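To start, the structure under review is shown below, and the notes come after it.
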Amino acid sequence: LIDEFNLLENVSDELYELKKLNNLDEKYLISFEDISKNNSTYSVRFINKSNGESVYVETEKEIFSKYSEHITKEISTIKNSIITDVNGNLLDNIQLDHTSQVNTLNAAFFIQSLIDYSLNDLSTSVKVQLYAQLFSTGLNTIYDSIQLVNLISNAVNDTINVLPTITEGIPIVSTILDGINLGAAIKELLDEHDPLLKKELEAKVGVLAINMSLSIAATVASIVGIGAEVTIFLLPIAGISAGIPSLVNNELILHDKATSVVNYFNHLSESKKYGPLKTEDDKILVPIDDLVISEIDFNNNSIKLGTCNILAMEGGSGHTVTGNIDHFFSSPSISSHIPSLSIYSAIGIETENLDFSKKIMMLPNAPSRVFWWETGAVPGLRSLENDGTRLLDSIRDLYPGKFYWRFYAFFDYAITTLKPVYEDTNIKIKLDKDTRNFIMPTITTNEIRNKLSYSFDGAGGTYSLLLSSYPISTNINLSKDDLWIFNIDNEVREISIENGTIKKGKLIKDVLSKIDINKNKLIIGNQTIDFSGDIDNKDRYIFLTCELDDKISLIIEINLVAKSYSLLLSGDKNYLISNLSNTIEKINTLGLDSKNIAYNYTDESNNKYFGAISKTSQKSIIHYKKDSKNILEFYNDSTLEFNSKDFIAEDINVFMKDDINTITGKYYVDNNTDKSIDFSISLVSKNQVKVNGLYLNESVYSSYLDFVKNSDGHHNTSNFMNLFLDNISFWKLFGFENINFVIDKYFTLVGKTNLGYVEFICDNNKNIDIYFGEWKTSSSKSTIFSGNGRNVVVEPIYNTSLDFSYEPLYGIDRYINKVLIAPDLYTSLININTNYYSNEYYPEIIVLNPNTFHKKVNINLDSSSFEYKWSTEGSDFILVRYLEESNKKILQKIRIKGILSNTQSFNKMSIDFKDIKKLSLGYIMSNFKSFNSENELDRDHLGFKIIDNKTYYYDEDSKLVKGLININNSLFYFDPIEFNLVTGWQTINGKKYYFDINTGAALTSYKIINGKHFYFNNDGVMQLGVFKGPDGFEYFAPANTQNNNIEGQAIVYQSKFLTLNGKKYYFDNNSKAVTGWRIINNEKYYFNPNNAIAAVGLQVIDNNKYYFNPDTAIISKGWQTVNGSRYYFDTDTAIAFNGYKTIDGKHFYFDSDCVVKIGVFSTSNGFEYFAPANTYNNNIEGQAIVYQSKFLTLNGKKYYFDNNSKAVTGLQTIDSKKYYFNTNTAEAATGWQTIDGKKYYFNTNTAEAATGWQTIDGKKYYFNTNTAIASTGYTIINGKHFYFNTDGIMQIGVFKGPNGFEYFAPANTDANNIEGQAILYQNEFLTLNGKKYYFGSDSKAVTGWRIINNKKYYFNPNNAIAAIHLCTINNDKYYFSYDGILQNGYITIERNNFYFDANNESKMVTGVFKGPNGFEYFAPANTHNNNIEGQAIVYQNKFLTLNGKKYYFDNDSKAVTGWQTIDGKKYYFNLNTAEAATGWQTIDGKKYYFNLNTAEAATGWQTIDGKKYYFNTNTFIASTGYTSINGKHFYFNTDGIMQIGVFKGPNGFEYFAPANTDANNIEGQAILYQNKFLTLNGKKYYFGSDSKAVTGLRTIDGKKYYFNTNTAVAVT
């Protein structure tokens, strides 16, 4: 030890110089593990303690690398003695191998000394090195700057025990499981509840401690309570009342037609009536669907609304308002560039002083929004009155001239389309200290959902949140003491939306596979919760919960900061156990990996149940109280293994390591409140319990030591420990007096003295010895480790002398090796107290010579000099006090080591005795008597040694083993006073063993001892009673029983009965007990082949159940009653009847346990009533009795019996009432049955079929008074007509009878009509919840086309129902107003414009027509970009020829009307139909002519089929009469036809001639024609010099003529 004391100062000196030489501060730490050598130069790492940065310094001196392999070799030894740390708690790995024990002690004792200083710089480097190794991956591998600074901080600023011990002083019961020292750790977790401890104990070593804290109890209760409330609701998804946007053309459209839009506003006006929150189910407040709530303030009892606006209007002219119908001249137009209009400001939504008394609330589902809209031409709407139209009006009126939703310009328009544009909404929820339950909405259009955001402000209460299947970003600001519950039922179950309502379904595989847990972010499946606020609170637990069953709830327990989660199940105890197999598999399906589950449940009657379940093997421990008794139930997988109905322990704790259970507590021995033993117990089998530790308080250990000291040398093997448990009556802890208490390796007993405590432990040999012990007197500290022999070492404690006494050694003296007294420099007194004569062994005392000597050294013995005798052994002085005058012989040996080696130290010694003082070693040698210590068997040999023809065994520490001990799985005995191997017969405290006369081993099983027969168990103890050998079962009996036998020898017993204190045996002729079946005195007996005892009570010998009389042990036959159940055993063969059977004229039934049945059961013989006793005649119990033509009510079901006492099945009439008995059970039916199409109802308390009119819990039915059958279809009930649907429900509406549709009207609608009875309704409308009918003369509803008050309608001839909106009836589309009234013209449908020609019964048609924006080409389908049928299409700058007409269309795709010239041609288009004009046309006075094919205005000369006209090139008018063109003159008819002949112009009659008449003239040109006759058309003319025709009387070439002065024609 001084060898290292020099080495340390050697290596810290050089370390000191190496530091100054590279100018290294006291803040730099050498790092011995990483030193490299490369070609004669060592490179040595130094870590800067402050910032964790590294520096490497070169050296030549090899002391550092040399001393590093010294010390790292010893730290490894220590690191292998420790399993891990759980939150800084180091968990020891207990080693029972003696060389492991002795190696880790030396390493521990070494390193623990270097740490323990105040030079310190080399010391704190060793401590840091060790720390970085036990708690981390080794200093040599850490290179993170921060991680190192924190490691090194922890290493210096705390303190680590690394010396072997188990309790380490703590006065508790130690649990060593799988070789790990868990006991101390689990106490702290249960004491102060560290989140970090709890997590690492579960993760690193598999430990689940369970917490019966009444707080946690309450919490789990309130969580499961919340889950039982919130999950039961059938709520709808978001928007089934407001609407769900459609995505047409990449923008979203909430509503698309006028009526729908008006109705959405109608919906919103419910905020007026019901405030922001309707209370559906009297249990939960629900926000008005799509109402934008942007803050909910629970302190203020107030709401904040978000923004919900609609676009503005601007402009317009001539606003008149007549009959609340806005009329215009210039219609306004919507603008997105003017401020938009708040819809809610028109609504008086009261948003303050709200009744937040209900605890469950659905969150808002509406982000803010600005509504874009559109106007359209829709007819009929002028008579519309809703709370919808009333709201829209209010918006109009709140914001005059900026919003008009239904007006008139030159056609009546209206709001047509509602396009929302959503903006991110953040909804703050400001909580109170109260308790609040929140349900997230299921929002289906993604575009809406990703604008919503929840933000909670915690305030100390309990808050739940029901996650939806489709996530919404939520954020929780944590307060200090608030409790957050997340029920994840929808996130962890397959979801389904059936008619838009949310039903939960299957459990979804592997959802909880990954749970990302982070200081401020949890990820459960698809949902992400973000946390802010008090997010470093190490103590908070957040809870995840869900419902696995009707009655079983799962709670996932999450610590955000310790990034860890744990499992826990709550529910009825007896239920969970019955379904433990099944509800575990649900956990695995979730993909939860946790290997242990805690049980924590509180019933309706307020009794707490606690427990823990191993997932992997389904072993469970349950603890609870009942009538103040302590209950413990251990279940193996739903079947009950161990059950203690009164556990007599205080301070109970329960925990699980992997699948091992441990229960610890205090037990008061003999119920003395002053005698507390502390226990650690693992339940294993029904009648077997494992003890893995006992801590004895001061009183019990002293009683225990007494028991050890009177062990008779039976103080060593594990079975010795069983005999202690016996002596202290420990079975009383449980109640069962024969429990197998299992004492096995790693068992610890640790008792407490008034000076310290000793720790004992079990070997790999199943032997018990001192492991560690320590006690302190006022002045001197006595220590003992199994790893250094089992020597007691006496050292001084500070706060000058060394006291020693034999008294602390009382009882444990057996196990002690030697007492080594070890003085230091500063001890000049060693007091030795020899006058103590109560022990059985007095270990040699060795005074260890201080190697460094001391100024003086003085021993003080309190005995008299004459009792002593000195001796010399080498350089050792010896004193021996021999007390022989008593009856026991005490021999106290004292040896001063090596004091003969130093002639100086030898004369320093003074011993002083009781009667003589200040004596010297010299004096004692010169005057005391001497002796010669020749201890041949105080050798140093390990094993079986053999000395002076006697055999000794030497144990692990090379001591001499004494007593009854296990060696090499064999049992031996060494004399308690002489220690040699004993052979042959030994008594050990009442109980006789026997050890082989050749090998020493105690006898096992059955052997022959010098002519006798002897039976020793596996512990070797001699047994009394009956036991089996290779000749049979003998009776190894007490002494003096049959011819003065010695104990346990098989004796003679033949053909006689033996009853060994409560049993029965029979011995045959050959004196060997009898087994099998055996007939004795003509009477049957069964003796078990395993132990030769007579069976008593019910028994099963080879799948055959017999009853043996409990007193006489003989068979019993016939009827019998055992434990209040009747049985039948065969009168011949005694086998017990099971199944159907017959017995001397009676039917009987017995279920699988051969117990009589009672009731109605089906056999191959019928359905028979196996009846109770004294029911009919004095019938036997269970006898099928005659029950003739009667009804049987079996306190339960109902049966009818026919004449041969058998139950009836099927449909059966009995005494005018109909019944329906089950085919398989024979029992009456109840409720709805359908017996071959026919549907019945059987009254649940009498089973009779219902007859007549009936109200069955919600609706009305009629059951035919003769056949009990439900009514279906049109149906007559005593002359009055009624209607009933497919399931027979009476309907109230309009339905098809054989005489048309009839108003099956409610009660009191015409002259006290009965509800549901058809009535008279003559010449009137009927508007019945949306559907609208008209009833004609006969008060039968009219179908088909029909006009009333000059408004045509159309009632669907399949339901009598008026038509609304666009409709297809007989291949033609019509448009009906909101009230069924047919309309015509320009109607806008879904943002397109169509035409419904009023000249075609208003059929929608394709053509060119006038809409209030122009003439538009209502094209057929697929004419421009896959357009719709009859939709106005774009058609720009093109002509169009259609069905033999011709139009032309301008830039704005609208026809053109009137006089038009289009790219070099003139056209005229009908002011009334935009049709091209074709053919002869008198237009606005002038007469024109347009081409028949191309409708072009004709210009110039044209021949219109038979006649030539000339149309003026300037004005396109057909010219008439004397018309000069191109100089030349022509003459045309009144109707524009060219003429050829003589005609009058301004200058007179000219000749308008054929072509080439004169001077190559063109046809019809007036020509020169001089002094010539011209005779055409029979008429004769003369032309003069002026080429003009002549009138009057004239004289032409001799002849006279008279020419008509009117026509210039010759009339002569």
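Chain labels A, B, ... are given in the sequence in which chains occur in the structure tokens; within each chain residues are numbered consecutively from 1, and ligands are likewise numbered from 1 in the order shown.
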Problem - Contacts of stretch 1317-1328 of chain A at 7 Å (only C-alpha atoms; same-chain gap of 5+ positions) as a VMD selection string - result: chain A and resid 1280 to 1282 1302 to 1306 1310 1333 to 1339
Residue subset to file, keeping N, CA and C atoms, as a CSV table (one decimal), in the first residue's frame:
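Contents of result.csv, freshly written:
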```
chain,number,residue,atom,x,y,z
A,1280,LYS,N,-111.1,3.4,-42.8
A,1280,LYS,CA,-110.2,4.5,-42.9
A,1280,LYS,C,-108.9,4.0,-43.6
A,1281,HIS,N,-108.4,4.8,-44.5
A,1281,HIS,CA,-107.1,4.5,-45.2
A,1281,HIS,C,-105.9,5.1,-44.4
A,1282,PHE,N,-104.8,4.3,-44.4
A,1282,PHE,CA,-103.6,4.7,-43.8
A,1282,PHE,C,-102.4,4.2,-44.7
A,1302,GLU,N,-102.8,10.3,-51.9
A,1302,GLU,CA,-103.7,10.8,-50.9
A,1302,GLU,C,-102.9,11.4,-49.8
A,1303,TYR,N,-103.3,12.5,-49.3
A,1303,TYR,CA,-102.7,13.2,-48.2
A,1303,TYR,C,-103.0,12.4,-46.9
A,1304,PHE,N,-102.1,11.5,-46.5
A,1304,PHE,CA,-102.2,10.9,-45.2
A,1304,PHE,C,-101.7,11.9,-44.2
A,1305,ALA,N,-102.6,12.7,-43.8
A,1305,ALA,CA,-102.4,14.0,-43.0
A,1305,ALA,C,-102.4,13.7,-41.5
A,1306,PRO,N,-101.7,14.5,-40.7
A,1306,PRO,CA,-101.7,14.3,-39.3
A,1306,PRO,C,-103.1,14.4,-38.7
A,1310,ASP,N,-108.4,17.9,-40.8
A,1310,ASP,CA,-109.7,18.2,-41.3
A,1310,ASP,C,-110.7,17.4,-40.5
A,1333,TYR,N,-97.1,19.7,-53.4
A,1333,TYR,CA,-98.1,19.1,-54.2
A,1333,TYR,C,-99.3,20.0,-54.4
A,1334,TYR,N,-100.1,19.7,-55.4
A,1334,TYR,CA,-101.4,20.3,-55.6
A,1334,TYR,C,-102.4,19.2,-55.7
A,1335,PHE,N,-103.6,19.3,-55.0
A,1335,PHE,CA,-104.6,18.4,-54.9
A,1335,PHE,C,-105.9,18.9,-55.6
A,1336,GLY,N,-106.3,18.0,-56.6
A,1336,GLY,CA,-107.5,18.4,-57.4
A,1336,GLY,C,-108.8,18.3,-56.7
A,1337,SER,N,-109.9,17.9,-57.5
A,1337,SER,CA,-111.2,17.9,-57.0
A,1337,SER,C,-111.5,16.8,-56.0
A,1338,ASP,N,-111.2,15.5,-56.4
A,1338,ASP,CA,-111.4,14.3,-55.6
A,1338,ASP,C,-110.5,14.3,-54.4
A,1339,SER,N,-109.8,15.3,-54.0
A,1339,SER,CA,-108.8,15.3,-53.0
A,1339,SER,C,-107.8,14.1,-53.1
```
Practice task
Please provide as a list in words all residues within 9 Å of residue A:1056, with the sequence filter that same-chain residues fewer than 6 positions apart are discarded (counting only C-alpha atoms).
Solution key: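 The residues satisfying every condition are residues 1065, 1066, 1067, 1068 and 1069 of chain A.
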Can those selected residues be exported to a file as a compact mmCIF listing (two decimals), in the first residue's frame so that it contains N, CA and C atoms?
```
# COMPACT_ATOMS: atom_id res chain seq x y z
N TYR A 1065 -53.62 -45.65 5.18
CA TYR A 1065 -52.79 -46.56 4.40
C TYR A 1065 -53.19 -47.99 4.72
N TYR A 1066 -52.97 -48.88 3.75
CA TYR A 1066 -53.15 -50.29 4.02
C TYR A 1066 -51.87 -51.02 3.61
N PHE A 1067 -51.38 -51.87 4.51
CA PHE A 1067 -50.16 -52.66 4.35
C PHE A 1067 -50.48 -54.13 4.12
N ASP A 1068 -49.90 -54.70 3.08
CA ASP A 1068 -50.25 -56.07 2.71
C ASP A 1068 -49.51 -57.07 3.60
N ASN A 1069 -49.58 -58.34 3.19
CA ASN A 1069 -48.91 -59.43 3.87
C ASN A 1069 -47.41 -59.17 4.00
```
Problem - Residue set, stretch 84-126 of chain A restricted to alpha helix (DSSP H), as a ChimeraX atom specification - result: /A:98-115,120-126
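Within 7 Å of stretch 738-745 of chain A, once only C-alpha atoms are used and residues closer than 4 positions along the same chain are dropped, the contacting residues are residues 687, 688, 689, 690, 691, 692, 718, 721, 722, 731, 762, 763, 764 and 766 of chain A.
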Could you save those same residues with C-alpha atoms as a PDB file, in the first residue's frame?
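Wrote result_14.pdb, looks like this:
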```pdb
ATOM      1  CA  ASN A 687     -48.096 -22.956  -2.950  1.00  0.00           C
ATOM      2  CA  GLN A 688     -44.573 -21.614  -3.407  1.00  0.00           C
ATOM      3  CA  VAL A 689     -43.063 -18.185  -2.669  1.00  0.00           C
ATOM      4  CA  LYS A 690     -39.485 -17.022  -3.246  1.00  0.00           C
ATOM      5  CA  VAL A 691     -37.643 -14.989  -0.603  1.00  0.00           C
ATOM      6  CA  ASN A 692     -34.945 -12.825  -2.092  1.00  0.00           C
ATOM      7  CA  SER A 718     -29.784 -22.376   2.154  1.00  0.00           C
ATOM      8  CA  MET A 721     -32.469 -20.311   6.201  1.00  0.00           C
ATOM      9  CA  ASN A 722     -35.764 -22.134   5.738  1.00  0.00           C
ATOM     10  CA  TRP A 731     -45.902 -18.351   6.911  1.00  0.00           C
ATOM     11  CA  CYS A 762     -26.234 -17.040  -0.784  1.00  0.00           C
ATOM     12  CA  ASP A 763     -23.434 -18.668  -2.832  1.00  0.00           C
ATOM     13  CA  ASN A 764     -23.489 -20.467  -6.109  1.00  0.00           C
ATOM     14  CA  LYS A 766     -26.553 -22.387  -2.043  1.00  0.00           C
TER      15      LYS A 766
END
```
Practice task
Would you kindly return, as number ranges by chain, each protein, DNA or RNA residue with an atom no farther than 9 Å from any atom of residue A:482, considering only C-alpha atoms and excluding same-chain residues fewer than 6 positions away?
Solution key: A: 433, 458-463, 540
Practice task
Considering only C-alpha atoms, return as a ChimeraX atom specification whatever protein or nucleic-acid residues lie within 10 Å of residue A:853, sequence-local ones (same chain, fewer than 6 positions apart) excluded.
Solution key: /A:823-826,902,904-905,908
Preceding selection exported with N, CA and C atoms as a CSV table (one decimal), in the first residue's frame:
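Now in out-v3.csv:
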```
chain,number,residue,atom,x,y,z
A,823,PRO,N,-3.1,-0.7,13.4
A,823,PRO,CA,-2.8,0.7,13.9
A,823,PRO,C,-2.0,1.4,12.9
A,824,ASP,N,-2.2,2.8,12.9
A,824,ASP,CA,-1.5,3.7,12.0
A,824,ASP,C,-0.3,4.4,12.8
A,825,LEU,N,0.2,5.5,12.2
A,825,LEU,CA,1.3,6.2,12.9
A,825,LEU,C,0.8,6.7,14.3
A,826,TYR,N,-0.4,7.1,14.4
A,826,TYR,CA,-0.9,7.9,15.6
A,826,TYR,C,-1.7,7.1,16.6
A,902,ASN,N,12.3,-6.3,14.2
A,902,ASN,CA,12.9,-5.0,14.5
A,902,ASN,C,13.3,-5.1,15.9
A,904,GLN,N,14.3,-2.6,17.5
A,904,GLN,CA,13.9,-1.4,18.1
A,904,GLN,C,12.4,-1.5,18.5
A,905,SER,N,11.5,-1.8,17.5
A,905,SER,CA,10.1,-1.9,17.8
A,905,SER,C,9.8,-2.8,19.0
A,908,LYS,N,10.0,-1.1,22.1
A,908,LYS,CA,9.0,-0.1,22.2
A,908,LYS,C,7.7,-0.7,22.8
```
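Proximity ranking of A:253, A:586, A:562, A:117 relative to residue A:198 places A:562 first, based on only C-alpha atoms.
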Handout entry: Residue contacts of residue A:972 (6 Å, only C-alpha atoms) excluding same-chain residues fewer than 4 positions away, as an MDAnalysis selection string
Key = chainID A and resid 964:965 1000:1002
Practice task
Taking the chain letters and numbering used in this document, name the residues of stretch 818-1056 of chain A that DSSP puts in strand (DSSP E), as a PyMOL selection string.
Solution key: chain A and resi 819-821+830-833+845-847+858-861+870-873+876-883+890-896+910-912+943-947+950-954+963-966+971-974+984-988+991-995+1005-1007+1014-1016+1025-1029+1032-1036+1056
Practice task
Determine, counting only C-alpha atoms, which protein, DNA and RNA residues have an atom within 7 Å of an atom of residue A:994; residues of the same chain fewer than 6 positions away are not included. Present the result as a PyMOL selection string.
Solution key: chain A and resi 984-986+1002-1003
Restricting the output to N, CA, C and O atoms, write the selected residues as an mmCIF file, in the first residue's frame.
```
data_model
loop_
_atom_site.group_PDB
_atom_site.id
_atom_site.type_symbol
_atom_site.label_atom_id
_atom_site.label_comp_id
_atom_site.auth_asym_id
_atom_site.auth_seq_id
_atom_site.Cartn_x
_atom_site.Cartn_y
_atom_site.Cartn_z
ATOM 1 N N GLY A 984 -21.185 -41.375 9.354
ATOM 2 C CA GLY A 984 -22.146 -42.096 10.155
ATOM 3 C C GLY A 984 -23.204 -41.228 10.823
ATOM 4 O O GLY A 984 -23.420 -40.065 10.481
ATOM 5 N N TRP A 985 -23.872 -41.833 11.803
ATOM 6 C CA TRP A 985 -25.070 -41.245 12.393
ATOM 7 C C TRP A 985 -24.742 -39.965 13.140
ATOM 8 O O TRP A 985 -23.894 -39.954 14.036
ATOM 9 N N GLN A 986 -25.419 -38.889 12.763
ATOM 10 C CA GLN A 986 -25.295 -37.600 13.423
ATOM 11 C C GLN A 986 -26.684 -37.099 13.757
ATOM 12 O O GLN A 986 -27.597 -37.198 12.939
ATOM 13 N N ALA A 1002 -23.798 -36.727 3.064
ATOM 14 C CA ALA A 1002 -25.055 -37.104 3.680
ATOM 15 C C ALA A 1002 -25.820 -37.995 2.725
ATOM 16 O O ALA A 1002 -25.652 -37.926 1.503
ATOM 17 N N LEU A 1003 -26.636 -38.866 3.295
ATOM 18 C CA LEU A 1003 -27.383 -39.801 2.477
ATOM 19 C C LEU A 1003 -28.572 -39.158 1.786
ATOM 20 O O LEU A 1003 -29.280 -38.309 2.347
#
```
Handout entry: atom CA of residue A:699 to atom CA of residue A:168, distance in Å rounded to a single decimal
Key = 20.4 Å
